[PDB]
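Numbering of ligands and ligand atoms starts at 1, following listing order. Residue numbers count from 1 along this sequence. Values below: all heavy atoms of this structure, side chains included; hydrogens, waters and symmetry mates excluded.
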Amino acid sequence: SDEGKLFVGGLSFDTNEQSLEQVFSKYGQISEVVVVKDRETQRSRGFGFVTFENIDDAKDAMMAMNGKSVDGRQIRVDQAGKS
Ligand code: NI
């Protein structure tokens with residue numbers, strides 16, 4: 001629902017909020033970054049969300065990062081959908 005929020009998928013098992021912030025901050029100011037984890041075990045589900053303060057920056061980041069390699073894995077970047 002938030003057009004400034006990007007889904008980032010296909011993460012390596014050890015990719016964390018630090019690597020996402022460093023990568024995506026090139027495109028503008030970031031308000032929230034999260035790697036989604038199992039609640040009980042805290043194991044990464046291999047995707048996350050990056051929210052930009054400015055929606056145009058999210059669009060820029062999607063075009064620039066979708067398909068690019070992070071920690072050896074080609075990531076998928078899309079506007080975050082509902083859920
Ligand atoms: Ni790694």
What protein N/O/S atoms sit under 2.8 Å from the Ni ion (ligand 1), by chain and number?
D14 OD1, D14 OD2, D71 OD2
Are the side chains of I75 and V77 in contact, using a 4.5 Å heavy-atom criterion?
yes
Around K26, counting heavy atoms of other residues, nucleotides and ligands shown, do more than 12 lie under 6.0 Å from its NZ?
no
On a heavy-atom basis, which atom in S44 and which in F13 lie closest, and how many Å separate them?
CB-O, 4.1 Å
On a heavy-atom basis, which atom in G4 and which in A58 lie closest, and how many Å separate them?
O-CB, 3.5 Å
Sequence neighbours excluded, which residues qualify as side-chain hydrogen bond (donor to acceptor under 3.5 Å, both in side chains) partners of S69?
none
Tell me, do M65 and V23 make a side-chain contact under 4.5 Å, heavy atoms counted?
yes
